[PDB]
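**Student:** An experimental structure, sequence included, is below.
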Amino acid sequence: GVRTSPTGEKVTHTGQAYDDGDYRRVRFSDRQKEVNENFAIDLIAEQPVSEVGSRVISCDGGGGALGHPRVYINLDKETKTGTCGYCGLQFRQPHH
Amino acid sequence: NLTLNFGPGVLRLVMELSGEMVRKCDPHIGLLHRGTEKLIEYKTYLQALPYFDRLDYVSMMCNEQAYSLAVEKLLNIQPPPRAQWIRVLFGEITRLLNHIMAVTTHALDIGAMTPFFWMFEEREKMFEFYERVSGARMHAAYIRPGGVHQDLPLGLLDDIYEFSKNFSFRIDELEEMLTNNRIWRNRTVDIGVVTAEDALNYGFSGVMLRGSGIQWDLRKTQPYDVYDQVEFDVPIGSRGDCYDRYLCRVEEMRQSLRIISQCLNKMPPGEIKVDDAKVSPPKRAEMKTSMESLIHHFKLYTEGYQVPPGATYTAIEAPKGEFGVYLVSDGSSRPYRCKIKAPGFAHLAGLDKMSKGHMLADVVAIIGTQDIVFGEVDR
Amino acid sequence: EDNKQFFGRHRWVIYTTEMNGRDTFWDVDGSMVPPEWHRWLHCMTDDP
Amino acid sequence: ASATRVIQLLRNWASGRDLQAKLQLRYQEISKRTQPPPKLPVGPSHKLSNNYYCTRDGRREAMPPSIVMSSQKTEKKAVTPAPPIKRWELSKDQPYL
Amino acid sequence: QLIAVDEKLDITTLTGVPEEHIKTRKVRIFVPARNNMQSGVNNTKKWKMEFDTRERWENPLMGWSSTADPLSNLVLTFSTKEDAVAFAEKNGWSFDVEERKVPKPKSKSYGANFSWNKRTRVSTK
Amino acid sequence: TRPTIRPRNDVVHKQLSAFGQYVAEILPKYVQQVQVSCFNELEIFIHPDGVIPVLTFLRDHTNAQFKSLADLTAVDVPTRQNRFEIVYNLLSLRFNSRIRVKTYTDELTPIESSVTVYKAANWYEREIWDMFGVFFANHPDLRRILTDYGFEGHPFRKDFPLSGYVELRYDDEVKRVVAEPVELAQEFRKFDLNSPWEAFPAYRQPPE
Amino acid sequence: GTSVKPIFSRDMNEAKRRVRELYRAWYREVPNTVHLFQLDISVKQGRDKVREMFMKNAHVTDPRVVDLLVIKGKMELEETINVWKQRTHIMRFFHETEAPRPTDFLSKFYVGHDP
Amino acid sequence: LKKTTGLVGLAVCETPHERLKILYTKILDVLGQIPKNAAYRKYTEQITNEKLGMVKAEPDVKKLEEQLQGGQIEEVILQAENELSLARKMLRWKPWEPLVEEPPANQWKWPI
Amino acid sequence: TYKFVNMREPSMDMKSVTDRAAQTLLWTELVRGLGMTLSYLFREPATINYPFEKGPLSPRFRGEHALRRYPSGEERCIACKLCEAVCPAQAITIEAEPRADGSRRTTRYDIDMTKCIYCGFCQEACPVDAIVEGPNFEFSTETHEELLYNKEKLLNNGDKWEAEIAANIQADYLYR
Amino acid sequence: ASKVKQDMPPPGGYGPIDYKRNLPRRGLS
Ligand code: SF4
Ligand code: SF4
Ligand SMILES: [Zn+2]
């Protein structure tokens, strides 16, 4: 989800872009500015929420030892969904 | 009596010559002083380990092993048998590399340039072994104060054996080119003669002692890892000159091949680092599965292990001589003081006495036979 | 590949004459190899 | 090596040895660059019981050095730091090179 | 064989420190305060000497933290206050000494939790 | 103990203790303390005036004959009145043993050079002078050995800053390399790694 | 009390004698250093620099510090005479590339926070 | 008679028994001028008397070398010379006297 | 056990003296050395045809640094700063804050490649395999500035080399 | 279930490794 600053420069996923009066834009003249086109926040927002019929489930990021440390997520609260603090995947009980 | 300066490994050398004779030889060092010992005081022990790769940068894992032994002695722990066997095997490989570099560079400075290429092919093969075991060709950082970082890949031993069964012919070719050549003997025989008592009083060690007939080797008198479980002979000189040291180094290469054979045939099973997670980090699966393992990994990679207070001097038989570390611990995870002892320091200090009454061309031969690398000399 | 050559010479790449935007008929370099063929060509694996 | 027989004999005579027995260029005799997965066994402290850390704590067994005649606080035979080192033996494999 | 000279120790001319890093600096001699995030007290055993904080600015490239003083990371450890004071004096540094803060002893009584008539009785446990 | 713990050697410990008592008895004028560590290392603490006598005795005595000087260095402890301690490491090939001799000095008290006892000490004392500022009396030629010419200060002192005071660059106006005060683009990040909850109860100090 | 072991000088008189000997040697050496290093400075300004370096330590009242300073200066002279230094080491005494730092309060207030 | 002891700079000594006897007698003569209660004198007299009795009771050179536990009797002679020189130096130094002075209060306290 | 290297006494009979004289006058050993060089002349050299041929490498080998991400596309880094703490050269600079969705992510991740020692401590300290040292080694630069990597450059390196990086990790992760 | 598998010498060990010097004598009196 790369946006463009009113100056014209691409806004990176950290949201920074040199101001109009910033002299530091001169470093990009006759050259380019590296911006990563894949925004992690959007990509993890596109992941569907997993449906599990268990009160507490574990997430390790997939791949077993190739993921993140295994953590357990509580799904008692129905207002929101359980989110992994490492991977960002979302889990939810089958309401109704 | 004219005074001239051989300016800039890298060495500045001030001499006064009376015709062809060398009257005084004053080496000037510090052109590669990077302040390693002060930098170590600002690092943890694991963080300070990679400095020893760069100290004597022709024999990397030997310095790694010396530092690891010092830290193990201060921690009051021991590595597992397989780690010790791996350490000795790679120390012998490192000795082969170092002696190849020393002999071929000494020949190249005299004017024999072809064995340099001949044996640097073998050096490249051993660098491939280093890269396969650690991921880096030279600045390996493989030997750790708890053992070794990773286990050997599943096909490393067979390739090491394949390399070791062909190296003796390379040594034979080097000997055919150098050993009986009359020009080489005229360049080396009776050059830089040092007596046994003078070598002892001047702080010499290793080949510099053994070429004068002193029967001393740290792997034999004070064995450290498994060196009491392997069999080899110690070459002893008879005249204390450059030729005897050359012969001694070639014989040490052959004996290193012997020790490598024994190590390959007697590699034991088991773990590679001390099974104590408060010193050695746990496995990745354990760190990603168990709470204690994750806590210990976090603490070992952020703070590092604390070492009980004390001071030790640990020395090993490095390929260049006695390499020692005087390590002081104040009880924290950072060393308080780390003094690094290099044999090249004393050898270069004795260079002045070794070169009395010799030609200007003989000083190059004496420098080559002393096996001086300025990374360890300047630190 | 040629398994009868000695190790190191048993695999080689003939570079293309025109990659993304430059004519590489004469100007070739090692960074022109994509990662998978990079892994195969550096003998990190035995499988193309 | 893809060397003709005449060149083989010429180089063998020039060096004075048999070179095809020990070649310095690697060939198919080396190990495969793809290997099966390993297993890497565990250490001795991987037990589920009788494995208290207090019984295997190397760091906590270190103690301050023993004090000998702190100055601030009989026959008596003479002694040496260690017993005299034994003389080495002359390598009954190849005593002289 | 002994001079027996009466003069306070001064080694400023031998340390090689520049002139403006001797007279304009103000070292602080103190026992570091306990990190209130933790209950351990092993970091409040020794005396510390640190220098006054100087300017830090943003590097125009990388936005890193740049400094112009060499003494921004220099911290010394001392057994006693007198040792630190002597070291500061002999090095020609103006110093400020802070007296050690010790947690005063307190009276703890588990039986006071279940009090018959005092306010110390707890409502839950 | 268990296979993760380093084994002890009581025989070497007893031998080193006996030899330390022997040396202390022979030289009561200079020996102040004798220690043997749990990993079998013998240390002898002496008065500074006894450097030459003790070292000569250890080199020349029939029962000691420590003929090799392994290493000579200094350690800086700012909290002591005598700031520096001088450490001598000696090796005896006759008895396959090592010994350590420690003394002390401050910034202004010279230490007698031991180049007459060991020729190897020549460069070690030069290095000590360069890195710590400890002067050695009757040295053949005492001068800097590691630092640059004209370098001011002694870097291995604890109060010397890690990056020093001056830095070098090439100046085109004067067509030579000049020295200027250090200015870091990125300051060295100081890390507070020491944790509370003391680790080794055997080394606990009295609370005074 | 306050009995200390001497380095070279028991009192201040012989310490000043060594100081004067070192000053004589440096004063004699200045023209040879100026010629041999092909310096662009004059002999007068080199001797002025020597005098200034000697005067920076005029406040010392400890004979041990004085004779250690003499030892350091003699090492400096040995480095200069034997041409162990290059021209950059000699010229580092003059700080030609360093912009002057004004001393008054207003200038320091304007430039930054450094007192 | 053997030749080339094997240590560079160490010459072969013919008739080493007489040399050892002379050296030990000179060592004992020097030790005689040291105070009787000094530990150095007692220990060195014991060691020197043991070696001298071993030398005077063994005519065979190789058996004497094996008994003396020094080996290569040439450096046994060298060590005797070193002991004699050290004895003269010890006589001048007089280190059997009490300690010169105690160190400061916390000179050797480690850690800190 | 010890060996003597130079303890051979030449024979003094007439035949051995004549042999040594013939060696001195007719230069036999020099002809032997010439023959050894001639024998080397007629064998295959060890040269490889760079850049068309490459030197052998291993999965363990450490190359240019890269930042990886999960199969879903979110970056693995959680800003724990363990790699920054362990870095022996202080080559890593990290700044972080909660993201717009509340995730724990970095806003700055800088690696100074002119300060890095390529030890690989950072990749073995990372608990989520976020920072790795990939197999690329041909990334020489014409200026100092382009060797000061920021987060965008490292994420681009990860996206560029992910296939080979993942294959190497699959090959080597059972040894770690 | 799965047994231990790591880098080990083959059963019976490796073959002997030549290490002694081999400088042959060609022949001419
Ligand atoms: S490889 Fe080593 S030096 Fe480089 S960034 Fe990682 S930890 Fe730091
Ligand atoms: S790269 Fe890994 S170790 Fe470094 S901050 Fe991110 S998650 Fe932590
Ligand atoms: Zn997850």
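**Tutor:** Alright, I've got the coordinates. Numbers count the residues shown, from 1 in each chain, chains lettered A, B, ... in the order given. Ligands and ions are numbered 1, 2, ... in the order given.
**Student:** Which one of the residues in chain C is closest to ligand 2?
**Tutor:** Closest contact between chain C and ligand 2, by C-beta to the nearest ligand atom, is at residue C:35 (20.6 Å). Bear in mind the C-beta positions are built from the backbone N, C-alpha and C, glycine included.
**Student:** And stretch B:145-160, end to end?
**Tutor:** 25 Å (C-alpha to C-alpha, to the nearest Å).
**Student:** is chain I contacted by it?
**Tutor:** Yes: Stretch B:145-160 is in contact with chain I by C-beta under 8 Å from any C-beta of the partner chain, via B:149, B:150, B:151, B:153.
**Student:** sorry, back to before: how close does the residue of chain C closest to ligand 2 sit to chain D?
**Tutor:** Remark: distance between residue C:35 and chain D (C-beta to the nearest C-beta, to the nearest Å) = 17 Å.
**Student:** again, but for residue A:22
**Tutor:** Look at residue A:22 and chain D: by C-beta to the nearest C-beta, they are 51 Å apart.
**Student:** Okay, and residue B:25 sits in which element?
**Tutor:** According to DSSP states H and E, residue B:25 maps onto strand B:21-28.
**Student:** Using PDB, write out every CA atom in that strand.
**Tutor:** Provided in PDB are the C-alpha atoms of strand B:21-28 (Å, rounded to 0.1, in the frame of the first residue of the first chain):
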ATOM      1  CA  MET B  21      77.200  -6.400   7.500                       C
ATOM      2  CA  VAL B  22      74.100  -5.700   9.700                       C
ATOM      3  CA  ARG B  23      75.300  -4.000  12.800                       C
ATOM      4  CA  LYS B  24      72.000  -3.000  14.500                       C
ATOM      5  CA  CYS B  25      68.500  -4.100  13.700                       C
ATOM      6  CA  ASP B  26      65.800  -2.000  15.300                       C
ATOM      7  CA  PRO B  27      62.300  -3.100  14.300                       C
ATOM      8  CA  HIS B  28      59.500  -0.500  14.600                       C
END
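**Student:** returning to what we had before: just the residues of stretch B:145-160 next to chain I now: which is nearest residue C:42?
**Tutor:** Set against residue C:42, the nearest of these by C-beta to C-beta is residue B:153 (15.5 Å).
**Student:** Can you report how many residues neighbour that closest one?
**Tutor:** Residue B:153 has 21 neighbours, counted by other C-beta atoms under 10 Å in any protein chain shown.
**Student:** what residues are up against the residue in the stretch 201-350 of chain B that chain E sits nearest to?
**Tutor:** Closest contact between the stretch 201-350 of chain B and chain E, by C-beta to the nearest C-beta, is at residue B:330 (8.6 Å). For residue B:330, the contact set (C-beta atoms under 8 Å, 6 or more residues apart in numbering or on different chains) comprises B:309, B:336, H:110, H:111, H:112.
**Student:** Among these, which one lies nearest to ligand 1?
**Tutor:** Taking C-beta to the nearest ligand atom as the measure, ligand 1 lies nearest residue B:336 of the contacts of residue B:330, at 23.7 Å.
**Student:** For the residue lying farthest from the centre of chain B, what are phi and psi?
**Tutor:** Distance from the C-alpha centroid of chain B peaks at residue B:291, with 40.2 Å (C-alpha atoms, centre = their mean). Main-chain dihedrals, residue B:291, degrees, to the nearest 10: phi -70, psi -50.
**Student:** try residue B:340
**Tutor:** phi -110, psi 120.
**Student:** Name the nearest residue to it, sequence neighbours excluded.
**Tutor:** Of all residues not flanking residue B:340 in the chain, residue B:379 sits nearest, at 5.4 Å (C-beta to C-beta, 6 or more residues apart in numbering or on different chains).
**Student:** again, but for residue E:48
**Tutor:** Among residues not flanking residue E:48 along the chain, residue E:32 sits closest, at 5.5 Å (C-beta to C-beta, 6+ apart).
**Student:** circling back to that earlier point, just give me the neighbour total for the residue of chain C closest to ligand 2.
**Tutor:** Applying other C-beta under 10 Å, we find 19 residues neighbouring residue C:35.
**Student:** my read: it touches residue I:166, true?
**Tutor:** No: counting by C-beta atoms under 8 Å, residue I:166 is not a contact partner of residue C:35; they are 9.8 Å apart.
**Student:** hmm, back to that, tell me how far the residue nearest to residue E:48 lies from residue E:101.
**Tutor:** The gap separating residue E:32 from residue E:101 is 10 Å, by C-beta to C-beta, to the nearest Å.
**Student:** now swap in residue G:50 and tell me
**Tutor:** Taking C-beta to C-beta, one finds residue G:50 at 52 Å from residue E:101.
**Student:** who has more neighbours, these two?
**Tutor:** Between residue G:50 and residue E:101, residue G:50 has the larger neighbour count (other C-beta under 10 Å), namely 20 against 11.
**Student:** Skip ahead from the helix or strand hosting that one and say which helix or strand is next.
**Tutor:** Using DSSP H and E, residue G:50 falls within helix G:43-55. Using DSSP H and E, the helix or strand that follows helix G:43-55 in sequence is helix G:63-81.
**Student:** Just give me how far the helix or strand following that next one sits from the chain centre.
**Tutor:** With elements assigned by DSSP H and E, the helix or strand that comes after helix G:63-81 is helix G:87-91. Helix G:87-91 sits 14 Å away from the centroid of its parent chain (C-alpha atoms, centre = their mean, to the nearest Å).
**Student:** Just the CA atoms of helix G:87-91, as CSV, please.
**Tutor:** Presented in CSV, the C-alpha positions along helix G:87-91 are these (Å, rounded to 0.1, in the frame of the first residue of the first chain):
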residue,chain,number,x,y,z
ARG,G,87,56.4,15.9,8.8
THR,G,88,52.8,15.4,10.0
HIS,G,89,53.9,14.5,13.5
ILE,G,90,56.0,17.6,13.8
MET,G,91,53.3,19.8,12.3
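**Student:** Do that helix and chain F come into contact?
**Tutor:** Yes: using C-beta under 8 Å from any C-beta, helix G:87-91 reaches chain F at G:87, G:88, G:89, G:91.
**Student:** same for that helix, what does it pack against?
**Tutor:** With contacts taken as 3 or more C-beta pairs under 8 Å, 6 or more residues apart in numbering or on different chains; DSSP states H and E, helix G:87-91 sits against strand F:176-181.
**Student:** Good, we can wrap up now.
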